Amino acid sequence: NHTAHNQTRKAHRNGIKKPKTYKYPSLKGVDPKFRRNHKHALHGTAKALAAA
Amino acid sequence: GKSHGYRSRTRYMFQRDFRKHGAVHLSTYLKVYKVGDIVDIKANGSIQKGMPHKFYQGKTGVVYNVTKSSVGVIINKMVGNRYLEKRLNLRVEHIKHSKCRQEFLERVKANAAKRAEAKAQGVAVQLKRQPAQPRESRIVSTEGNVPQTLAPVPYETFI
Amino acid sequence: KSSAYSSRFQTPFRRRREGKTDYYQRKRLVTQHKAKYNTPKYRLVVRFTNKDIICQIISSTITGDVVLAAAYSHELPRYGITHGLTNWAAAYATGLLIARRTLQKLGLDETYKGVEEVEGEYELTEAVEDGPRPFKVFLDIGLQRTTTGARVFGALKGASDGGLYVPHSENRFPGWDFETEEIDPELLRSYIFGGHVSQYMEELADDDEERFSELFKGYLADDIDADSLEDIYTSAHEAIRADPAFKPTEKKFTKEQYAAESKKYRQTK
Amino acid sequence: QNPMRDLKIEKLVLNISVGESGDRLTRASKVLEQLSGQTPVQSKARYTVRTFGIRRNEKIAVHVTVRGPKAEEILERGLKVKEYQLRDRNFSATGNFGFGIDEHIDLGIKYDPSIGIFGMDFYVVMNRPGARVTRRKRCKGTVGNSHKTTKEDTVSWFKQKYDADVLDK
RNA sequence: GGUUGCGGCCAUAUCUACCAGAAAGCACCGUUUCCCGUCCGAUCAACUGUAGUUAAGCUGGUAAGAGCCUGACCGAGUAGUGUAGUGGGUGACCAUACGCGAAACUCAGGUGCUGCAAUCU
RNA sequence: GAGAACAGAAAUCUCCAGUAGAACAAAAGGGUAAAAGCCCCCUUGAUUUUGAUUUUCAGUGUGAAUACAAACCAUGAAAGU
RNA sequence: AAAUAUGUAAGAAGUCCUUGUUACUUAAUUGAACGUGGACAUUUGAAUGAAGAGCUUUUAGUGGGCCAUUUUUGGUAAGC
């Protein structure tokens, strides 16, 4: 009958860990107009640094 | 039965503050938002095209996407036994900048102004914060302030 | 009255309590697309007083508003307009003035020369191919209403013909009917000049000439003949393109004398 | 006195309220298009009544606003059948007044067999000049206290001009 | 210092009742040929700064004021409160030790600051 | 509230006060005054292609929305919607 | 308008400078994001602790709960 007894103890027993973010986050929900130009800028830089 | 809407039990949480009705003032739009700012989420219930859910009120997130008249924030949320990164899009009226990071940033630009100065001076100086330290051996005075006694009051006329 | 009525009373914003600023329209004007991060959103303010016409270009910041360049119509005697300081064609000349002044300040007045000849037609400024894009400036008109053929759109006409890009459509320019759905160049070249104030001059030359001496009292004494108002509006239009720059008027004093006079009148605390 | 403080007239409204729509209502429009010379306007319904024939959103009555000199001469002809004599109860404390008549043909107008026998309500409003800042759009504001038209103003101006002889009771 | 345009903060910016404002600007005002809109050139529309004054608007002072804001050896370390006991009381509730700590009242001060541009005898 | 013939507790009309005390289809709450209310004007963004996110949640389904991109449009003088 | 409870931050995946990319954006050789290259490289920037950190696979039992301080809600009160 929905008693939340012991539930905080269960969730704290193995710890409530952080999602551990990274460098370079995922570009799933970003602006697509920005995303295409970022892809083209990366491809321009990838040859412009290779050719020097 | 029961009810779990999108705005349930948000009576006293979405209403405007006293004498703060009307169209929101135009400084809330000119404040720009880059990708990486630590922003609060305090909603105002005037504009509704983009009101957050009742859980994200008051919480603090990080901007990760910027688009037309709206920004995407990232919030860690506790569910069950772990955190989940809820990303969510919000219109710019519900997003105020947080001065917690911007107090730290000016102190970084200040300790870059004292540490790099004194390390070229020749004294390697301290820069960390320190908590409220205990006091020093102080000789108090007694010149006109005589230490005058006290006696606690009885219960007569108190009744 | 009561004090509980004044306790819970909410005053509006100050420039709405005065009644001057449409805080609704300003909202849509100053918000920009946030992917365009710190780009200013320029506006063309035009405001019509009783005997003076204002034309400014504004940016926007939190610390007030910022004026990019300004233009009045009480300074047109520098180029050669004496009377008709608040005229449809005066607003057209002010629109031709502010365009050239902003483009001369920006360095775009040679690449965007606008239209040298004028013929009375609806056109838009085009992007120069592999060039700097046109200067994009959006209108605003106050609390004053919009209506077809109005005095306000003379400034827009002068701006779009001076060569800065203002978005506009022809369904309010004078001569655009609801039935033809087309502008009339015969009415347009007569409202961008004195072709209707002179058309009133002729129909007061033979209706009651004392009223013609009443309204146009400073006209005929200055010898303002109606048959060359088109040419006197034409003549300073090229000197606008020659010299549009704001040179400052030579003052009589240096603000201390104004302060020393007005402080005795000002009736302090 | 001084310029721009006098109690000049501003408009007069020619109200007629009969209470039913049809031939009598278009005759109520015809008796004002041949009195005021302007295109008249009618009135929609306000609220509930079963005893006046008026139910919601029907044309029921007529009134014409008129400015300029024509309102002044319509008042001046309405007073030479009403003896240039108006009451004191007829005069408001807010700077305007009005008066009733019980026929139009008393005024000097010429009869037509298809008109009718029904009166009229001449209400009039006036102001000191400078009272467009109440009306306008940009930078509005209520006029000052000393400039406000009141009962004493509109009575002691009517005694001077157009010969009140007002029945103070 | 004055005025105007566009403003940021949105009552220290308001409401009231008065009083006063040289220049300049604003405003009221004049006219209905044309664009133009109404029942009505009153709002709106347009022409002309001409016929006329600061009476209004507006700005600035002023008031045994109404508010509003601000600070309290103010209310008071009071009320409510986290914590402990084999503490009391039959109970309601309490007194303790360790801590955090208001508010309405009450008194004292104040009645807009300011950005950009233009203009000023 | 001040007022105007029949005209009134109330027919229409004029003016002063009017922080919403009214309206917004519906339950209660929240929101709104040159509007989101009331009249008028033009309309079909109630459209097409699929994604991402939020809510109840295993972060399944169903419903509901929120912010974009690509077109095609409406409105508007225009910003934008 | 409190007390307990909660969000975030207290740096190296940082601070600042120089100047490349791009089909997005600016009126613009502006701005966005990511970069190259040098400097800050010790107090790598609040306290206390770390008896190691992170990540994956698979599967047993469970999926009938009671008691007490405290807050409280139905009931006319409970070892309800």
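By the numbers in Swiss-Prot, the shown part of chain C spans 8-276.
The header says electron microscopy, 3.9 Å.
Each residue, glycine too, has its Cβ placed from N, Cα and C.
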Between C:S66, C:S235, the phosphoserine label in Swiss-Prot belongs to C:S235
Ubiquitin cross-link according to Swiss-Prot, picked from C:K58, C:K143, C:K164: C:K164
Swiss-Prot lists as phosphoserine, out of C:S176, C:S197, C:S205, residue C:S176
Looking at phosphoserine as annotated by Swiss-Prot, pick the matching residue from C:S167, C:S242. C:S167
For C:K164 (ubiquitin cross-link), the number of neighbouring Cβ atoms whose distance to its own Cβ is within 10 Å equals 26
Between C:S235 (phosphoserine) and C:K164 (ubiquitin cross-link), what is the CA-CA distance rounded to a whole number of Å? 22
When you measure from the Cβ of C:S176 (phosphoserine), how many other Cβ atoms are you left with inside 10 Å? 9
Ranked by how many other Cβ atoms lie within 10 Å of their Cβ, the modified residues C:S167, C:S235 are led by C:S167
Going by DSSP, give the three-state secondary structure for C:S176 (phosphoserine). coil
Express the distance between the Cα positions of C:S167 (phosphoserine) and C:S176 (phosphoserine) as a whole number of Å. 11
Can you tell me how far the Cα of C:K164 (ubiquitin cross-link) sits from the Cα of C:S176 (phosphoserine), in Å? 11
